[PDB]
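Q: Just one file: data-v3.cif, with mmCIF, C-alpha atoms and all ligand atoms.
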```
data_final
loop_
_atom_site.label_atom_id
_atom_site.label_comp_id
_atom_site.auth_asym_id
_atom_site.auth_seq_id
_atom_site.Cartn_x
_atom_site.Cartn_y
_atom_site.Cartn_z
CA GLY A 1 15.84 -18.67 6.62
CA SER A 2 14.52 -16.86 3.55
CA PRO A 3 14.43 -19.26 0.57
CA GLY A 4 12.66 -18.72 -2.73
CA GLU A 5 9.39 -18.96 -0.82
CA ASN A 6 10.15 -15.45 0.44
CA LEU A 7 9.39 -14.21 -3.07
CA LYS A 8 5.76 -15.16 -2.43
CA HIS A 9 5.76 -13.52 1.01
CA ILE A 10 7.16 -10.17 -0.14
CA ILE A 11 4.46 -9.94 -2.81
CA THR A 12 1.81 -11.16 -0.37
CA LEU A 13 2.71 -8.43 2.13
CA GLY A 14 1.32 -5.87 -0.29
CA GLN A 15 -1.73 -7.98 -1.11
CA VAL A 16 -2.65 -8.23 2.58
CA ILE A 17 -3.72 -4.59 2.32
CA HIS A 18 -6.39 -5.48 -0.24
CA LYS A 19 -8.21 -7.67 2.28
CA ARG A 20 -7.25 -5.48 5.24
CA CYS A 21 -8.96 -2.54 3.54
CA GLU A 22 -12.21 -4.52 3.50
CA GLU A 23 -12.04 -4.91 7.28
CA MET A 24 -12.26 -1.15 7.84
CA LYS A 25 -15.70 0.47 7.94
CA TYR A 26 -15.52 4.20 8.64
CA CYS A 27 -12.24 5.15 6.96
CA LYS A 28 -12.63 2.03 4.83
CA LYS A 29 -13.66 4.41 2.04
CA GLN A 30 -10.27 6.13 2.12
CA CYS A 31 -8.14 3.03 2.69
CA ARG A 32 -9.87 1.59 -0.38
CA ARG A 33 -7.59 3.84 -2.43
CA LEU A 34 -4.47 2.70 -0.57
CA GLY A 35 -5.32 -0.96 -1.09
CA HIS A 36 -6.18 -0.51 -4.76
CA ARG A 37 -2.96 1.41 -5.44
CA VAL A 38 -0.67 -0.88 -3.44
CA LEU A 39 -2.14 -3.83 -5.34
CA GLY A 40 -0.79 -2.37 -8.56
CA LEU A 41 2.70 -2.51 -7.06
CA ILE A 42 3.02 -6.21 -6.23
CA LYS A 43 0.63 -7.02 -9.07
CA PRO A 44 3.34 -7.30 -11.76
CA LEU A 45 5.89 -8.69 -9.30
CA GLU A 46 3.50 -11.48 -8.31
CA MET A 47 2.38 -12.48 -11.80
CA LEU A 48 6.02 -12.34 -12.89
CA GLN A 49 7.19 -15.28 -10.79
CA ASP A 50 3.95 -16.98 -11.82
CA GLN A 51 5.08 -16.91 -15.45
CA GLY A 52 7.78 -19.53 -14.93
CA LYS A 53 10.24 -20.84 -12.36
CA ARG A 54 11.90 -18.70 -9.69
CA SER A 55 12.09 -15.33 -11.45
CA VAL A 56 14.59 -12.95 -9.85
CA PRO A 57 17.37 -10.71 -11.22
CA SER A 58 20.80 -10.11 -9.70
CA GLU A 59 21.15 -10.03 -5.91
CA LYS A 60 22.09 -6.35 -6.02
CA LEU A 61 18.43 -5.64 -6.77
CA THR A 62 17.39 -7.57 -3.66
CA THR A 63 18.74 -4.66 -1.61
CA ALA A 64 16.56 -2.06 -3.34
CA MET A 65 13.51 -4.31 -3.04
CA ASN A 66 14.26 -4.87 0.64
CA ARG A 67 13.15 -1.27 1.13
CA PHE A 68 9.82 -1.90 -0.61
CA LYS A 69 8.94 -5.09 1.27
CA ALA A 70 9.16 -3.09 4.49
CA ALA A 71 7.03 -0.31 3.00
CA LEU A 72 4.06 -2.67 3.21
CA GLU A 73 4.57 -3.16 6.95
CA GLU A 74 3.69 0.52 7.32
CA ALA A 75 0.33 0.30 5.55
CA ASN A 76 -0.58 -3.17 6.79
CA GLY A 77 0.45 -2.41 10.36
CA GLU A 78 -1.40 0.90 10.38
CA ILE A 79 -4.52 -0.88 9.14
CA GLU A 80 -4.41 -3.27 12.09
CA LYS A 81 -4.33 -0.38 14.56
CA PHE A 82 -6.81 1.81 12.67
CA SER A 83 -9.12 -1.21 12.78
CA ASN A 84 -10.24 0.11 16.17
CA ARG A 85 -12.96 2.74 16.54
CA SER A 86 -11.45 5.27 18.95
CA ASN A 87 -8.03 5.02 17.30
CA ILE A 88 -9.56 6.53 14.17
CA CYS A 89 -10.67 9.72 15.92
CA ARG A 90 -7.39 9.82 17.86
CA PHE A 91 -5.39 10.36 14.67
CA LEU A 92 -8.15 12.24 12.84
CA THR A 93 -8.35 14.86 15.59
CA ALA A 94 -4.58 14.71 16.07
CA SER A 95 -3.99 15.51 12.40
CA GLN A 96 -5.01 18.55 10.35
CA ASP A 97 -5.22 16.29 7.30
CA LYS A 98 -8.01 13.78 6.68
CA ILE A 99 -6.25 10.79 5.13
CA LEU A 100 -5.00 8.14 7.56
CA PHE A 101 -2.28 6.55 5.43
CA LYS A 102 -1.26 9.92 3.98
CA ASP A 103 2.43 9.76 4.89
CA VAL A 104 2.30 5.99 4.40
CA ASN A 105 1.10 6.12 0.79
CA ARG A 106 3.72 8.80 0.18
CA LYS A 107 6.63 6.43 0.78
CA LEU A 108 4.76 3.64 -1.01
CA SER A 109 5.11 5.55 -4.28
CA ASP A 110 8.78 6.23 -3.57
CA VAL A 111 9.67 2.64 -2.71
CA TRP A 112 7.97 1.60 -5.95
CA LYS A 113 9.38 4.26 -8.27
CA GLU A 114 12.76 3.72 -6.62
CA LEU A 115 12.95 0.03 -7.55
CA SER A 116 10.90 0.52 -10.72
CA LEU A 117 13.93 1.82 -12.62
CA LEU A 118 15.80 -1.28 -11.42
CA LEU A 119 12.93 -3.60 -12.35
CA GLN A 120 12.61 -2.15 -15.85
CA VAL A 121 16.34 -2.57 -16.42
CA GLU A 122 16.60 -5.93 -14.65
CA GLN A 123 13.40 -7.60 -15.82
CA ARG A 124 11.34 -7.00 -18.96
CA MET A 125 8.38 -5.66 -16.97
CA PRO A 126 6.56 -2.55 -18.25
CA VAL A 127 6.51 -0.46 -15.07
CA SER A 128 4.11 2.46 -14.67
CA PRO A 129 1.26 1.23 -16.91
CA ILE A 130 -0.88 4.32 -16.39
CA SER A 131 -1.90 4.56 -12.74
CA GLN A 132 1.65 5.56 -11.82
CA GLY A 133 3.41 8.77 -12.80
CA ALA A 134 1.18 11.14 -10.85
CA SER A 135 1.00 11.18 -7.05
CA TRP A 136 -2.01 9.16 -5.88
CA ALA A 137 -2.24 11.47 -2.87
CA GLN A 138 -4.01 14.18 -4.87
CA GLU A 139 -7.07 11.99 -5.46
CA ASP A 140 -6.73 10.42 -2.01
CA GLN A 141 -7.48 13.83 -0.49
CA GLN A 142 -10.80 13.96 -2.35
CA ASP A 143 -12.06 10.74 -0.76
CA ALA A 144 -10.71 11.66 2.68
CA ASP A 145 -12.43 15.04 2.36
CA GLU A 146 -15.90 13.49 2.24
CA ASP A 147 -14.89 10.55 4.43
CA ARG A 148 -13.90 12.96 7.20
CA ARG A 149 -17.21 14.83 6.96
CA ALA A 150 -19.34 11.73 7.51
CA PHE A 151 -17.09 10.83 10.45
CA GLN A 152 -18.18 14.06 12.16
CA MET A 153 -21.61 12.46 12.60
CA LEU A 154 -20.71 9.07 14.07
CA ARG A 155 -22.07 8.22 17.52
CA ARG A 156 -22.54 4.45 17.50
CA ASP A 157 -19.77 2.01 16.57
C1 LIG B 201 13.65 -8.38 -2.09
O1 LIG B 201 14.04 -8.91 -3.36
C2 LIG B 201 13.42 -10.15 -3.69
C3 LIG B 201 12.61 -9.99 -4.95
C4 LIG B 201 11.23 -10.00 -4.91
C5 LIG B 201 10.50 -9.86 -6.07
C6 LIG B 201 11.15 -9.70 -7.28
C7 LIG B 201 10.35 -9.54 -8.55
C8 LIG B 201 10.50 -10.79 -9.41
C9 LIG B 201 10.86 -8.32 -9.32
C10 LIG B 201 12.53 -9.68 -7.33
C11 LIG B 201 13.26 -9.83 -6.17
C12 LIG B 201 14.47 -11.20 -3.89
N1 LIG B 201 15.60 -11.02 -4.51
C13 LIG B 201 16.32 -12.17 -4.51
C14 LIG B 201 17.57 -12.53 -5.02
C15 LIG B 201 18.04 -13.80 -4.87
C16 LIG B 201 17.27 -14.76 -4.20
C17 LIG B 201 17.78 -16.13 -4.04
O2 LIG B 201 16.99 -17.19 -4.32
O3 LIG B 201 18.92 -16.31 -3.67
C18 LIG B 201 16.02 -14.42 -3.69
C19 LIG B 201 15.54 -13.13 -3.84
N2 LIG B 201 14.38 -12.49 -3.46
#
```
How does the structure come out when it is put into structure tokens?
Ligand SMILES: CO[C@@H](c1ccc(C(C)C)cc1)c1nc2ccc(C(=O)O)cc2[nH]1

A:
Amino acid sequence: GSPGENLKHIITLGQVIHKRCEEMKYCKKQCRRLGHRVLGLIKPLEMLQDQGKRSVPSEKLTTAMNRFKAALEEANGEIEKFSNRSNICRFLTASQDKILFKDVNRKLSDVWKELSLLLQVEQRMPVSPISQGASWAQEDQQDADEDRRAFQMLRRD
């Protein structure tokens, strides 16, 4: 079953990244951006329900959100795997880019901006406070740039 309690799970899924990012060590510097950004997504959605009783618009919106809830599985899941030491180099060397959750963060912004329009019309929540609007990938590359360099010189674990 998926009662009202689910509302707390969906929002928690995105929060899990915040703590998961702390677990990392090497690429932890890069993931830090993914966890800080993702937090701003379920931030308003979490506090919302906190305001009063079960806060949720029409069911039609549930469908759009269903796509976002899964978006977290991508980041969270990836973090669990990346947690390893060799796995990091595996992708790093098997990817011209430097960021680990590059493609992941990409969809994250889409799943958010996709439901945002529905959230702004459904609920009185001021979406896109300031952090949104511009792709967070641009800045993500900066961190990954230096993060990748340091990785070059990593013998021990
Ligand atoms: C995936 O969508 C979630 C959801 C999560 C967060 C939000 C914030 C407040 C915008 C809104 C909606 C959701 N929609 C629902 C509709 C009905 C019921 C019900 O009790 O029958 C439960 C629901 N859960």

Q: Give the residues close to ligand LIG 201 (chain B), within 6 Å, counting all atoms listed in the file; write them as a PyMOL selection string.

A: chain A and resi 3-4+7+45+48-49+55-56+59+62+65-66+119

Q: Using all atoms listed in the file, which of A:117, A:89, A:125, A:134 sits nearest residue 26 of chain A?

A: A:89

Q: Which polymer residues, whether protein, DNA or RNA, lie within 10 Å of the coordinate (0.5, 7.6, -1.9) when you count only C-alpha atoms? List them as JSON, numbers by chain, using the chain letters and numbers from the file.

A: {"A": [33, 34, 37, 38, 101, 102, 103, 104, 105, 106, 107, 108, 109, 110, 134, 135, 136, 137, 138, 139, 140]}

Q: Create the file for the chosen residues now, containing C-alpha atoms and written as an mmCIF file, in the frame of the given file.

A:
```
data_model
loop_
_atom_site.group_PDB
_atom_site.id
_atom_site.type_symbol
_atom_site.label_atom_id
_atom_site.label_comp_id
_atom_site.auth_asym_id
_atom_site.auth_seq_id
_atom_site.Cartn_x
_atom_site.Cartn_y
_atom_site.Cartn_z
ATOM 1 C CA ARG A 33 -7.590 3.840 -2.430
ATOM 2 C CA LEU A 34 -4.470 2.700 -0.570
ATOM 3 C CA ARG A 37 -2.960 1.410 -5.440
ATOM 4 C CA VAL A 38 -0.670 -0.880 -3.440
ATOM 5 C CA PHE A 101 -2.280 6.550 5.430
ATOM 6 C CA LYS A 102 -1.260 9.920 3.980
ATOM 7 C CA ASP A 103 2.430 9.760 4.890
ATOM 8 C CA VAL A 104 2.300 5.990 4.400
ATOM 9 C CA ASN A 105 1.100 6.120 0.790
ATOM 10 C CA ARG A 106 3.720 8.800 0.180
ATOM 11 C CA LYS A 107 6.630 6.430 0.780
ATOM 12 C CA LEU A 108 4.760 3.640 -1.010
ATOM 13 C CA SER A 109 5.110 5.550 -4.280
ATOM 14 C CA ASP A 110 8.780 6.230 -3.570
ATOM 15 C CA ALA A 134 1.180 11.140 -10.850
ATOM 16 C CA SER A 135 1.000 11.180 -7.050
ATOM 17 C CA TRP A 136 -2.010 9.160 -5.880
ATOM 18 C CA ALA A 137 -2.240 11.470 -2.870
ATOM 19 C CA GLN A 138 -4.010 14.180 -4.870
ATOM 20 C CA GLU A 139 -7.070 11.990 -5.460
ATOM 21 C CA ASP A 140 -6.730 10.420 -2.010
#
```

Q: Within 8 Å of segment 147-153 of chain A, counting all atoms listed in the file, which residues qualify if same-chain residues fewer than 2 places away don't, as JSON, numbers by chain?

A: {"A": [26, 27, 29, 30, 98, 143, 144, 145, 155]}

Q: Mind giving me the straight-line distance from atom CA of residue 75 of chain A to atom CA of residue 60 of chain A in Å, one decimal?

A: 25.5 Å

Q: Might you pull out every residue within 12 Å of residue 78 of chain A, with only C-alpha atoms counted and same-chain residues fewer than 4 positions away left off, and present them as an NGL selection string?

A: :A and (17 or 20-21 or 24 or 31 or 34 or 71-74 or 82-84 or 87-88 or 91 or 100-105)

Q: Tell me, in Å to one decimal, how far atom CA of residue 36 of chain A is from atom CA of residue 93 of chain A.

A: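 So the answer is 25.6 Å.
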
Q: Expressed in Å to a single decimal, how great is the separation between atom CA of residue 58 of chain A and atom CA of residue 122 of chain A?

A: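 Interatomic distance, atom CA of residue 58 of chain A to atom CA of residue 122 of chain A: 7.7 Å.
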
Q: From the list A:11, A:120, A:95, A:22, which residue is nearest residue 50 of chain A when using all atoms listed in the file?

A: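 Of all the options, A:11 lies closest to residue 50 of chain A.
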
Q: How big is the axis-aligned box around all listed atoms of segment 80-89 of chain A once 3 Å goes on each side, and where's its centre, in Å to one decimal, as JSON?

A:
```
{"center_x": -8.6, "center_y": 3.2, "center_z": 15.5, "size_x": 14.6, "size_y": 19.0, "size_z": 12.9}
```

Q: Would you kindly return, as a PyMOL selection string, each protein, DNA or RNA residue with an atom no farther than 9 Å from any atom of residue 111 of chain A, considering all atoms listed in the file and excluding same-chain residues fewer than 5 positions away?

A: chain A and resi 64-65+67-69+71+116

Q: For the residues in the current selection, export C-alpha atoms as an mmCIF file, keeping the file's coordinate frame.

A:
```cif
data_model
loop_
_atom_site.group_PDB
_atom_site.id
_atom_site.type_symbol
_atom_site.label_atom_id
_atom_site.label_comp_id
_atom_site.auth_asym_id
_atom_site.auth_seq_id
_atom_site.Cartn_x
_atom_site.Cartn_y
_atom_site.Cartn_z
ATOM 1 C CA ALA A 64 16.560 -2.060 -3.340
ATOM 2 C CA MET A 65 13.510 -4.310 -3.040
ATOM 3 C CA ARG A 67 13.150 -1.270 1.130
ATOM 4 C CA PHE A 68 9.820 -1.900 -0.610
ATOM 5 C CA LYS A 69 8.940 -5.090 1.270
ATOM 6 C CA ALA A 71 7.030 -0.310 3.000
ATOM 7 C CA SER A 116 10.900 0.520 -10.720
#
```
